[PDB]
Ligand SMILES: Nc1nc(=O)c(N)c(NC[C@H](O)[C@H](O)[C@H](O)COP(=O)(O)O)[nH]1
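In the form solved without the named molecule, a lone chain appears below as structure tokens.
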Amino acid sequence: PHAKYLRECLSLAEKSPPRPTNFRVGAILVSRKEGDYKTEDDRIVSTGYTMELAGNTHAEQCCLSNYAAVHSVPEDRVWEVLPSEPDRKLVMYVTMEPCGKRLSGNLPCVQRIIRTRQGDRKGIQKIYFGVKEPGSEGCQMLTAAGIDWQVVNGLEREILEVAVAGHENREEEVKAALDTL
């Protein structure tokens, strides 16, 4: 089921405008029953893709921002309105490892994820992703804050090719990232 979710994330990423500099990524926020869950019981809470929303926005950021907007709060307050049911957990699928730093200085996605766990709200408890960030790691920052994560293998070339489609060095870029496997 995790690979199926990442393929849906890939479809979202394909809506991203290809830019010579951005990484085209898709993200899906899922509410899942604790225990031996049936995917049929999964609920899609929100979705996002790179630059879906005005400005220099990441997939995970748009995912949270879309939900925030529907609930009449800014994204930095999305933790207040996300579901926090006793029998369910929030997990986020994203094609690429969430960023731990952004060159622009904007708040990194790992921090947007971590800050969903505030007050009595459980927040996002696990991230599934398909490729590590190509090129302090986001995954280490998630661990340090108690956010679980898991790499879902098998889709690396496809995720990377979509992500760097707008780049001029895109063939060398994918080959380098696949070499790190």
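Numbering starts at 1 and runs along the sequence shown.
The following text describes the form solved in complex with the named molecule, which does not appear among the structures shown.
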Decide yes or no: are 6, 92 and 127 jointly within 4.5 Å of the named molecule in the entry with it bound, with each residue judged by its heavy atoms? no
State yes or no: in the entry with it bound, is some non-hydrogen atom of residue 75 no more than 4.5 angstroms from a non-hydrogen atom of the named molecule? no
Contact flag, residue 31 vs the named molecule in the entry with it bound, heavy atom cut 4.5 Å: no
Might residue 137 be said to contact the named molecule in the entry with it bound, defining contact as any heavy atom within 4.5 Å? no
Indicate whether residue 21 is a 4.5 Å heavy atom neighbour of the named molecule in the entry with it bound. yes
Counting only non-hydrogen atoms, choose the one of 143 to 151, 56 to 64, 116 to 124, 36 to 44 that falls within 4.5 Å of the named molecule in the entry with it bound. 56 to 64
May I ask you to list the residues of 119 to 135 that have any heavy atom within 4.5 angstroms of the named molecule in the entry with it bound, in sequence order? 133
